[PDB]
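First, one chain by itself in structure tokens, the form deposited in one PDB entry.
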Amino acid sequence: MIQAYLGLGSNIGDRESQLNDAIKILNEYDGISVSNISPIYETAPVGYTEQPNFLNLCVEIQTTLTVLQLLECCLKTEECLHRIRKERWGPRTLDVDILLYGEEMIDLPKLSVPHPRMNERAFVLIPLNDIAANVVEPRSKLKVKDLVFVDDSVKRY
């Protein structure tokens, strides 16, 4: 059993309902057990043009799947929630990202863990710190509570 952390986001449709459905579906896979769920945050989009605000949260899982098995389950969940993949990025019903997988570091074409952008993302670290404050991010070797920073664009929903 490995403790892993997922980052979930939604910015189109009924965001809260889609996040809750996603969690339920994730927990229904064998090999994945959801053991904790952060509060939901409303967050301003980063890395792109002006876009609808996200609802974001983090989930703790206990898993017996390999990291690529886990990735398959995360992407299947997005398909369940009808995520659209157009030529250009845009709003999404659901995004399920693998943030941490034990203290492992994986660098494959299809998979990078820890997530390559998490240490500079308040929409990850704020909810992650709610459920994983003492977990070590293995590249920095810092605990999540030592990475997290104040950011007013992330607000409790």
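Numbering starts at 1 and runs along the sequence shown. The term rigid core refers to the maximal set of C-alpha atoms that superpose within 1.5 Å between the two forms.
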Comparing average C-alpha B factors as deposited, tell me which of 144 to 152 and 21 to 29 sits higher. 144 to 152
Comparing 48 to 56 with 91 to 99, which has the greater mean CA B-factor as deposited? 48 to 56
Could you say which of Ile61, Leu68, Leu108, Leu125 has its CA atom at the highest B factor, as listed in the PDB entry? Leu108
Grab the CA temperature factor for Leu75 from the record and place it in the lowest, middle or highest third of its chain. middle
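Keep in mind that the form deposited in another entry is missing from the display, and what follows is about it.
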Superpose on the rigid core, then report which one of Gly31, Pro39, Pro91, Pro45 has a CA displacement of at least 2 angstroms between the shown form and the other one. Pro91
Work out the direction of the Cα-Cα change for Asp21 and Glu87 in that other deposited form: closer or farther than in this form? It's 3 angstroms or more. closer
Between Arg92 and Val113, do the C-alpha atoms lie closer or farther in that other deposited form than in the shown form, with a difference of 3 angstroms or more? farther
